[PDB]
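One chain is shown next in structure tokens, namely the form deposited in one PDB entry.
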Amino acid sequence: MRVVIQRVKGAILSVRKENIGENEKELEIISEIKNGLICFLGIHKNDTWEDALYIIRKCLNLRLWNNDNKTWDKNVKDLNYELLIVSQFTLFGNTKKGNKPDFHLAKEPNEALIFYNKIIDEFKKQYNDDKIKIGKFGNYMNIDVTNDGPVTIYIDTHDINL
């Protein structure tokens, strides 16, 4: 599994919404957080539950907020902050050969959805049902993010021995 974690003062996620209908075609906000993390999550085809757990553990526990003259001190749970988890297959975009990304390492959308939903449940079980927002899996999204720092963290779980 791969994840890119961004520290944020807020994030607003929107998808396309077509009233077919009333011939209305606009963006509508379906998810929103204030301070916290946005995590772009890429799932590898050979990912196991252990990979998910490491990611969840790291996202929930990384001390990324300063605190009273102490830096890199507080985690997203401590400050009672939120997480926005977006599935992001492009993180398994191989750009090593040619300038068209190739996504053969990506888990296929269907198995991915089940896995992803398992992850979201675990996030909630390990933190709080109300602190975890998500996007619209497999749909085009517009995400207004306020990067606070910025602080960007990258983790590839296939780097660790689990």
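For every residue, the number given is its place in the sequence shown, counted from 1. Shifts are known only where both forms have a C-alpha. Throughout, rigid core stands for the largest set of C-alpha atoms superposing within 1.5 Å between the two forms.
In at least a third of the other PDB entries of this protein that model the residues around it, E24 has no coordinates.
Here 93-101 and 65-73 are compared by their mean Cα B-factor, and 65-73 comes out higher. Mean C-alpha B-factor is higher over 21-29 than over the other stretch, the pair under comparison being 142-150 and 21-29. In the PDB entry, a CA B factor belonging to the middle third of its chain's modelled residues is recorded for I119. When the CA B factors of the chain's modelled residues are split into thirds, the value for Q6 lands in the lowest one.
For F40, the recorded CA B-factor ranks within the lowest third of the chain. Only modelled residues enter the ranking.
In the PDB entry, a CA B factor belonging to the middle third of its chain's modelled residues is recorded for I134.
For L53, the recorded CA temperature factor ranks within the middle third of the chain's modelled residues.
Although it is not shown, the form deposited in another entry is what the next lines describe.
Of the residues listed here (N19, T152, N139, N142), only one shifts its CA by 2 angstroms or more between this form and the one not shown after fitting on the rigid core, and it is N19. The rigid-core fit between this form and the one not shown yields exactly one 3+ residue run with every Cα displaced by 2 Å or more: 16-27.
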